[PDB]
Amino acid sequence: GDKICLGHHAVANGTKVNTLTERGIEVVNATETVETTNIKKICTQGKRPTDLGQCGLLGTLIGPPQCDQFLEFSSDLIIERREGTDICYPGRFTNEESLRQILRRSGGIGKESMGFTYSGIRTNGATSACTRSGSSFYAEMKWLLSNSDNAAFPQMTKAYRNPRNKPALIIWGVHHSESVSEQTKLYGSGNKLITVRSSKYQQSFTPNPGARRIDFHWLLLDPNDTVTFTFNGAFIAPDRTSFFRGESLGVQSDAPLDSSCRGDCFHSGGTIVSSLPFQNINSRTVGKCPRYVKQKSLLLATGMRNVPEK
């Protein structure tokens, strides 16, 4: 007689997914949840990028010849390159990595004079390591030494009050001479000490002669607080200080910039553009990113169990 039958759809070949009780069960339709497609470029559309190139991120503060174009910059996406260098004269920043992390999210920097004027000493200390218009020095810094060879450097005090609405990034250097004789030539004989003090900071520095270097040190000065420098030689003085602009991201990559694609997740290999919750491209990312997973593929079922016709 007459009859009515109830049923459901199917396809010839569905997609295999995993469940709590079964591996490789076939469903009508599925979708990927793990992103594996990478864009081998830095996507900078709708952003204000800064490609540092030759210049080191920490170099923007002290100003070696390679960072002349970045002494003041405004950015929301800072790109660091492998060839970047912070220094010209031998030496290093103490707490360098934590300072890089602050500068990466700063939004860029603005410079302001600290207003130090000097008397009875020389200010024009230069080096052929930092060559800018023939034998110069760090652009934001001043190399202080005696008026003539072997003369005694006077016990000096310089104070700076932060007049602004935000924290000031204060930078200073300690010069470690090639020898005891050279330290004597530049600053006069005897032991040297550099003391830096604020309401939250307190440190003393002694030069260690033997191999030519300038080591840089830093602090963040609160609004209306005063930083005090006491020194009798081997002191690299700040001429300017830095103030942060707003908000940014910092990326370490050798990938070319592209102004034709929009991205919010960045890594060394380029840009991840996805609406998916997970990614398998890179464990080290910056920005708004899917969580890193070790799996290549995790298919989510978007349909019923596939049961093809016999």
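So that there is no doubt, residue numbering starts at 1 and follows the sequence shown.
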- 285-293 versus 7-15: which one carries the higher mean Cα B factor per the record? 285-293
- Message: On mean Cα temperature factor in this entry, is 212-220 or 193-201 the higher one?
- Response: 193-201
- Name the one of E178, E72, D149, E80 with the greatest CA B-factor according to the PDB entry. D149
- Item | From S119, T184, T228, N232, residue of greatest CA B-factor | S119
- On the chain's distribution of Cα B-factors, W172 falls within the third called lowest
- Would you please rank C261 by its C-alpha temperature factor against the other modelled residues of its chain and give the third it falls in: lowest, middle or highest? highest
- Task: Ordered by C-alpha B-factor within the chain, which third holds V27? Give me lowest, middle or highest, please.
- Result: lowest
- What third of the chain, by the recorded C-alpha B-factor, contains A255? middle
- Note on the structure: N38: C-alpha B-factor third of its chain, per the entry, is the middle
